[PDB]
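Trainee: Test case, fold it:
(one chain, ligands or ions: 1)
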Amino acid sequence: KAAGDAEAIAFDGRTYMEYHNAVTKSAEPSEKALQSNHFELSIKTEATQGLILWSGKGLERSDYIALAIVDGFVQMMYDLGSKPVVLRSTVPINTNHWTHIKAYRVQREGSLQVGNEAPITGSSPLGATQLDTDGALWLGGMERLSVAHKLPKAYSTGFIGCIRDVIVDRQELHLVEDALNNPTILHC
Ligand SMILES: [Ca+2]
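Mentor: Numbering: from 1, shown residues only. The protein structure is shown below:
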């Protein structure tokens, strides 16, 4: 919890924070064509289903990369415009112990490592290599859930648990201060 070194934020199932890719070298409107994505974070949970993170514009047509707990295991999913790929971890996540997650994508190639497992790798189908996004990022849940009807129920399920030390594209997130949607703040 935010009361001893690492500030850990609690998520109650309705909690979700919006952030914007506000840190650089990791104008006006338009979009971004990202070659890569890098996510690192630690979570603590008893949940067997839940959306951890969603990066993308959040429209039905939009590209996305997301982390979710699906049937007790963290998985990464992304669709860059040539259909999605899923990378599924082998580490039970719902132990209620702080667990590290490292997930990244370079063009079509993805990697997911929970704890000390051998990284799970895979690639989205040949074609698109860039994630077209406005830079929006949601943690613990999502505003626009309709863009989850095409996915496992976990993606429409708010995360219940705690999160700390979130690093997005080489920048440590200030979970409380960086949040843009005035969420209800609770510590772990
Ligand atoms: Ca794309």
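
Trainee: Next to the ion in this structure, residues from this structure, please.
Mentor: 63, 80-81, 128, 130, 132 (C-beta under 5 Å from the ion). Every C-beta, even on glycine, is put in place using the N, C-alpha and C of the backbone.

Trainee: Please pick the buried ones from those residues.
Mentor: Among the residues of the chain next to the ion, those classed as buried by 16 or more other C-beta atoms under 10 Å are 63, 80, 128, 132.

Trainee: hang on, isn't the second one packed against residue 133?
Mentor: So that's residue 80. No: using C-beta atoms under 8 Å, residue 80 is not in contact with residue 133; the gap is 10.2 Å.

Trainee: circling back to that earlier point, in strands, which of the buried ones among the residues of the chain next to the ion appear?
Mentor: residue 132 (DSSP state E).

Trainee: Report the beta-bridge partner residues of the closest residue to residue 100 other than its chain neighbours.
Mentor: Nearest residue to residue 100 in three dimensions, chain neighbours excluded: residue 42, at 5.2 Å (C-beta to C-beta, 6 or more residues apart in numbering). Beta-bridge pairing for residue 42 (DSSP bridges): residue 100, residue 164.

Trainee: got the contact list for residue 42?
Mentor: By C-beta atoms under 8 Å, 6 or more residues apart in numbering, the residues touching residue 42 are 6, 98-101, 163-165.
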